[PDB]
Amino acid sequence: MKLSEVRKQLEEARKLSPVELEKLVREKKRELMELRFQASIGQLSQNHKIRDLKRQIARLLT
RNA sequence: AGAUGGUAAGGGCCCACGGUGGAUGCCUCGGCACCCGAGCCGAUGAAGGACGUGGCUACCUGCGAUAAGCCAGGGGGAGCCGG
Ligand SMILES: [Mg+2]
Ligand SMILES: [Mg+2]
Ligand SMILES: [Mg+2]
Ligand SMILES: [Mg+2]
Ligand SMILES: [Mg+2]
Ligand SMILES: [Mg+2]
Ligand SMILES: [Mg+2]
Ligand SMILES: [Mg+2]
Ligand SMILES: [Mg+2]
């Protein structure tokens, strides 16, 4: 289900849009990094948070 | 004075039961032949690779830093996150 919702809202990134396709992505990635840091230290990650993010970004990157 | 009897360190044949070995039978996801179909790919970067890519990933597979994946259309109708 996660699809429909986000992607629609994602061309909804059209106030500023490619500029925001971008801005958003950047923010999305910092999250991934923050997230896989938590990931590696162990005592701060529960998995799919990762996958789900990476794929936000593949979609975002569209 | 005399006579021919038991011994088995070990060995031989026979039976029995094991070990080892992987023949025989059955099996088959593979192979072989024929026939039909189909028959080009590439600078819009092929064929084929290297290195990567999974929360934990050695390999195989898939994929390409959007990395076992992204979008859309079609199919399908309870399961799914490969081996
Ligand atoms: Mg005598
Ligand atoms: Mg004897
Ligand atoms: Mg003896
Ligand atoms: Mg015995
Ligand atoms: Mg890795
Ligand atoms: Mg990882
Ligand atoms: Mg790993
Ligand atoms: Mg591989
Ligand atoms: Mg890219």
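Residues numbered from 1 in each chain as written, not as in the entry; some residues may be left out. Chains lettered and ligands numbered in written order. Part of a larger assembly, values for the part shown. Heavy atoms only, no water.

As deposited, the entry is annotated with X-ray crystallography as its determination method and 3.4000 Å as its resolution.

**Concerning the pattern of salt bridges**
The criterion, for reference: Here a salt bridge means any side-chain nitrogen of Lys or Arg lying within 4 Å of a carboxyl oxygen belonging to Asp or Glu. Per the convention used, a helix needs a DSSP run of H or I reaching at least four residues, while a strand needs a run of E reaching at least two, with both numbered from the N terminus. Partly exposed describes any residue whose relative accessible area lies between the buried limit of under 20% and the exposed limit of over 50%, with all areas from a 1.4 Å probe on protein chains only and scaled to the type maximum.
On inspection of all chains with the given rule, the structure shows 3 salt bridges. The closest approach of N and O atoms between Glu5 and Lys2, which form a salt bridge, is 3.9 Å. Of the two residues, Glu5 and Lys2 both sit in helix α1 (residues 2-11), 3 residues apart, roughly one turn of that helix. The class for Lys2 is exposed, based on a relative accessible area of 53%. A salt bridge links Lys28 to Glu31; its shortest N-O distance comes to 3.4 Å. With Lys28 and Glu31 both in helix α2 (residues 18-40) and 3 residues apart, the pair spans about one turn of that helix. The class for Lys28 is buried, based on a relative accessible area of 14%.

**Considering the protein's contact with RNA strand B**
Let me state the cut-off plainly: Throughout, the term near means that a residue has one or more heavy atoms lying within 4 Å of the molecule or strand in question. What qualifies as a polar contact is a pair of N or O atoms within 3.5 Å, subject to a donor-acceptor requirement within protein and to the restriction that residues adjacent in sequence count only when both atoms come from side chains. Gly falls in the polar group here, along with every residue not listed as nonpolar (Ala, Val, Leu, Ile, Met, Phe, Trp, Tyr, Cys, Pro) or charged (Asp, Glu, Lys, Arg).
RNA strand B sits among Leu3, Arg7, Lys29, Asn47, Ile50, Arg51, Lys54, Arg55, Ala58, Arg59, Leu61 and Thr62. What you see for RNA strand B is that sugar and phosphate hold 67% of its atoms within 4 Å of the protein. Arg51 has a polar side-chain atom sitting 3.2 Å from a sugar or linking oxygen of RNA strand B. At 3.2 Å from a phosphate oxygen of RNA strand B is found a side-chain nitrogen or oxygen belonging to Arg55. Contributions of two or more residues to the surface near RNA strand B are made by α1 and α3 (49-60). Residue classes in the surface near RNA strand B are distributed as 4 nonpolar, 2 polar and 6 charged.

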